[PDB]
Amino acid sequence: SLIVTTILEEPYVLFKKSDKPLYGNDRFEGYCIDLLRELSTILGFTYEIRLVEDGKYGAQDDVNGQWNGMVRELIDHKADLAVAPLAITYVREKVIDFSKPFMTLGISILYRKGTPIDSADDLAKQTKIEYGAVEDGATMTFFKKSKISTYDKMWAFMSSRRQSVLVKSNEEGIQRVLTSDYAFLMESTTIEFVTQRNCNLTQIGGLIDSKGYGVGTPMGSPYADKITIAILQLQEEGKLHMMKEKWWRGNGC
């Protein structure tokens, strides 16, 4: 039996709606839960899903270098797999292993329709429209590390305003877009889910970078390569595409 760490994030992992309390694995559904189920069938393991205690994905404390979130659970061998929209990044790959990607995406901008804002550069060169990202996530880290003029400028803006423009979650960022003059730097996969459900919102510009989500494992785990092969099987038979359609597809904007 494997211990699988994960985190609530629509539509990847959600609590099933129910009149009565549910228990154990029965509590959860979503794209990542379907993925876990499919992987379990192919590779023949059982599992217990556990929400990560600190509610974090995994970032390094910039003073002591210690990790948190699902990444820390893996490093500490508290979990066997992390199954979530966990971006494969340079810093994380140095401390844990990942399967090859089950989904590909990039940072982009969530904003309202009908404005003159067409790119990151348009946001960077002003301050009236505030903008931000989830604190300490892969998106924020991209900006923190970027040497590109536009993105460095955006980092200077966000970091100096971290108290007011950085958010704790996608949900908070999305609500900020809906209720104030704010543009949210966020992952394109999640943007697509949002824009299918709110016709007044749109992605602005294209993808600013490229990354994949992968299943995390402790470094050296034999499951990283096994899951890669299972993911390739699922992709090549069209299941990953069906899985995405199931959890994303909206009724039109």
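We number the residues from 1 along the sequence you see.
Mean CA temperature factor is higher for 117 to 125 when stretches 117 to 125 and 137 to 145 are set side by side in the entry. In this entry, 156 to 164 has the higher mean Cα B-factor, the comparison being between 156 to 164 and 69 to 77. Listed residues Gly58, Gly214, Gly206, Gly30 were ranked by CA B-factor as deposited; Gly206 comes out on top.
Among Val63, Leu36, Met219, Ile42, the highest C-alpha B-factor recorded in the PDB entry belongs to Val63. Annotation for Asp181: CA B-factor lies in the highest third of the chain's modelled residues.
Among the modelled residues of the chain, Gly24 sits in the middle third by CA temperature factor in this PDB entry. For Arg112, the recorded CA temperature factor ranks within the highest third of the chain's modelled residues. The PDB entry assigns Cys253 a C-alpha temperature factor belonging to the highest third of its chain's modelled residues. Sorting the modelled residues of the chain by their CA temperature factor places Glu187 in the lowest third.
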